[PDB]
Ligand SMILES: CCCCCCCCCCCC
Ligand SMILES: CCCCCCCCCCCC
Ligand SMILES: CCCCCCCCCCCC
Ligand SMILES: CCCCCCCCCCCC
Ligand SMILES: CCCCCCCCCCCC
Ligand SMILES: CCCCCCCCCCCC
Ligand SMILES: CCCCCCCCCCCC
Ligand SMILES: CCCCCCCCCCCC
Ligand SMILES: CCCCCCCCCCCC
Ligand SMILES: CCCCCCCCCCCC
Ligand SMILES: CCCCCCCCCCCC
Ligand SMILES: CCCCCCCCCCCC
Ligand SMILES: CCCCCCCCCCCC
Ligand SMILES: CCCCCCCCCCCC
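Residue numbers (PDB author numbering), protein chains in the order written: chain B, 89 to 334; chain A, 89 to 334.
Below, the structure is given as structure tokens:
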């Protein structure tokens, strides 16, 4: 009676799946697989009150279950990581995230039970297995507090006598700029010797976190830097070489 | 009687396989393998009602099954991932897919139980084991909503006084173009200092998602950009060097 009821349930499931609008042969194969595994489970369970062997059945069931357990590790890992994300996740729907270990950069769209759906900046869907979030570091640029501006000013080696005044002028301009966060790091210093130029580092932050406003402020700062450099008699350096003719 | 029936079934299977048009010796070897494993299973199962040892049989069967379970992990993994794809797959037949972790780029042709068949853009078949889709991120360019246009304009360092007007003109042209999606990101800004040029970024989207129309729109935009740049008295920059002669 139990077998008949289970077979009726499987047949009803197959009929509903076909009604849902899917392939015939695939549905039949799935039904056959479910029937086979149901029979195996019943035999492993009812192999004593009806069957005779004990040690053989125990060993066969044990080895089968051991193989099944080893084979299905990844799907179960995805499911468990989905549960963990449901209880504790370091992001929300609509958050821009990325990682230094894998390529998952984009905006979160859906958090499912097996995979997480992410919309890339190319406007494409990306499906990430949930088990990744248990082993990689996740960064959340969607929750930043400031945008950083960094650049390098490369002056010619003949302009070594103007580095101090140029650095002072650039620092003053950055200190008096209305778009720069004065409570963050602000560094302008002659930093290193390069192959063809003397490099000056620039390091600051903007109050805004919006893409377009940050880009506009950066462009304004760069143009002001160009004006400052050219007003003191210095100039930017191309790659340079010394040639001995023969 | 059970052994005789099983051997008859195996012989019938071998005869049918030969009738299907395959090698003789291979069929005989497969039949021998199936016979050997059937005998082993029967001995492990019927080793008490006929046999005598219990602990030895249990240990032998356990170690054999443990080795078999470890060895057959990958095939079972492929089968289980095929089942999971049957129930939940992030693509359909005819979808263009790719991945940042492996090389699987192409169009989906068949989704089998062990492998998935993909037609590459080289017009070649590619067979991907199903277990890959449980551990790698899958991207679906076949479901995009827009095509992105990105490029860089590199002006000479002597054209620093025209960057603002050139950026304004390019932004206006992009805003008035009939092929550009005005509801998406649209950025044109002086972006960075390069070794030989001042770089301007361009970032926009097209309404269409068709390959040929996107390429045509991109070509039109590039030609318009060239005209805009050359009309303001600026020019594109070749790689540059400063040479000191001796
Ligand atoms: C009408 C809903 C039918 C749902 C069928 C679920 C089948 C689960 C099989 C589990 C085998 C261990
Ligand atoms: C062609 C449809 C029937 C395929 C049956 C496959 C059975 C595989 C059994 C493997 C036992 C280790
Ligand atoms: C035609 C359907 C064939 C289904 C075969 C299922 C075989 C499962 C083998 C599991 C080994 C542990
Ligand atoms: C929406 C219905 C989900 C049904 C899941 C069935 C799982 C069958 C597992 C078979 C393992 C051999
Ligand atoms: C129509 C399908 C014929 C082949 C079925 C093979 C079933 C093998 C089950 C093995 C369980 C361990
Ligand atoms: C082998 C383990 C399979 C586990 C499948 C769990 C599916 C849960 C889905 C819940 C929402 C549909
Ligand atoms: C099987 C995996 C279960 C994971 C459970 C995680 C529970 C986290 C609780 C955090 C509370 C703030
Ligand atoms: C006429 C169809 C014959 C199918 C033979 C299947 C053999 C399965 C062997 C399983 C050994 C555990
Ligand atoms: C040449 C045809 C017969 C080959 C027999 C190989 C048997 C290998 C047994 C290994 C036991 C560990
Ligand atoms: C000529 C056919 C030889 C077949 C040999 C099968 C040996 C199986 C060894 C399995 C060890 C666990
Ligand atoms: C289409 C017929 C499929 C038959 C599959 C037989 C599998 C034999 C497994 C032997 C393991 C030692
Ligand atoms: C014609 C084949 C002769 C060799 C057969 C060797 C069988 C070894 C079986 C080992 C089972 C563990
Ligand atoms: C060692 C495990 C082998 C499992 C083989 C399953 C084959 C299923 C095929 C169903 C469609 C032909
Ligand atoms: C042995 C692997 C079984 C995998 C079953 C996955 C079930 C997913 C259900 C999703 C419903 C939308």
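Built from N, CA and C at the ideal position, the CB exists for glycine as well.
{"Check": "Cβ neighbour criterion (16 or more within 10 Å) applied to residue 157(A)", "Outcome": "buried"}
{"Check": "Test item: CB-CB of residue 215(B) and residue 196(A) under 8 Å", "Outcome": "no"}
{"Check": "8 Å Cβ cutoff met for residue 286(B) and residue 245(B)", "Outcome": "yes"}
{"Check": "Residue 184(B), DSSP secondary structure in three states", "Outcome": "strand"}
{"Check": "Proximity below 8 Å, CB of residue 218(A) to CB of residue 204(A)", "Outcome": "yes"}
{"Check": "Residue-level contact to chain A via CB, residue 331(B), 8 Å cutoff", "Outcome": "yes"}
{"Check": "The stretch 139-150 of chain B contacting the stretch 103-112 of chain B, beta-carbon criterion three pairs below 8 Å", "Outcome": "no"}
{"Check": "Bridge partners - residue 227(B), DSSP secondary structure assignment", "Outcome": "186(B)"}
{"Check": "Extent of the continuous alpha helix (DSSP H) to which residue 166(B) belongs", "Outcome": "161-175"}
{"Check": "Under 7 Å (Cβ pairs) to chain B, residues found in the stretch 216-240 of chain A", "Outcome": "222, 223, 225, 226, 227, 228, 229, 231, 232, 233, 234 and 236"}
{"Check": "contact_flag[the stretch 233-250 of chain B, the stretch 248-267 of chain A] where n(CB pairs < 8 Å) is 3 or more", "Outcome": "no"}
{"Check": "8 Å contact criterion, which residue 294(B) and residue 237(B) should meet: CB distance rounded", "Outcome": "7 Å"}
{"Check": "Counterpart residues of residue 213(A) in DSSP-defined beta bridges", "Outcome": "207(A)"}
{"Check": "Any non-hydrogen atom of ligand 6 closer than 7 Å to residue 170(A) Cβ", "Outcome": "no"}
{"Check": "Environment of residue 268(B) [buried if 16+ CB atoms lie within 10 Å]", "Outcome": "buried"}
{"Check": "Cβ-based neighbour list, residue 270(A), same chain, cut-off 8 Å, excluding 5 preceding and 5 following", "Outcome": "263"}
{"Check": "Where residue 221(B) sits in the DSSP three-state scheme", "Outcome": "helix"}
{"Check": "Nearest to residue 187(A) (by Cα), restricted to the options 98(A), 325(A), 90(A) and 220(A)", "Outcome": "220(A)"}
{"Check": "Option in 194(A), 201(A), 202(A) and 297(A) with minimal Cα separation from residue 211(A)", "Outcome": "194(A)"}
{"Check": "Partner residues on chain B for residue 172(A), Cβ-Cβ distance less than 7 Å", "Outcome": "163"}
{"Check": "Chain-order list of residues whose beta-carbon lies under 6 Å from that of residue 126(A) (same chain, five-residue window excluded)", "Outcome": "94"}
{"Check": "Closer than 7 Å: residues whose CB approaches a heavy atom of ligand 10", "Outcome": "117(A), 120(A), 121(A), 124(A), 152(A), 155(A) and 156(A)"}
{"Check": "Chain-order list of residues whose beta-carbon lies under 7 Å from that of residue 232(B) (same chain, five-residue window excluded)", "Outcome": "297"}
{"Check": "Check: residue 164(A) C-beta below 7 Å from any heavy atom of ligand 6", "Outcome": "no"}
{"Check": "Closest by C-alpha distance to residue 228(A), when choosing among 282(A), 306(A) and 178(A)", "Outcome": "178(A)"}
{"Check": "Boundaries of the beta strand (DSSP E) in which residue 232(B) is found, first to last residue", "Outcome": "Element bounds for residue 232(B): n/a, residue is neither H nor E."}
{"Check": "Residue-level contact to chain B via CB, residue 323(A), 8 Å cutoff", "Outcome": "no"}
{"Check": "C-alpha gap between residue 111(A) and residue 96(A), whole angstroms", "Outcome": "20 Å"}
{"Check": "Closest Cα partner of residue 266(B) within the set 280(B), 308(B), 278(B) and 282(B)", "Outcome": "308(B)"}
{"Check": "Bounding residues of the beta strand (DSSP E) (the contiguous stretch that carries residue 79(A))", "Outcome": "The question about residue 79(A) has no answer here: the residues shown for chain A are numbered 89 through 334."}
{"Check": "Members of the stretch 174-190 of chain B that neighbour chain A once the beta carbon cut-off is set at 8 Å", "Outcome": "190"}
{"Check": "Residue burial classification, residue 311(A) (beta-carbon count within 10 angstroms, cutoff 16)", "Outcome": "exposed"}
{"Check": "Segment contact flag, the stretch 299-307 of chain A with the stretch 315-324 of chain A, C-beta cutoff 8 Å, min 3 pairs", "Outcome": "no"}
{"Check": "heavy atom of ligand 13 below 7 Å from residue 160(A) C-beta", "Outcome": "yes"}
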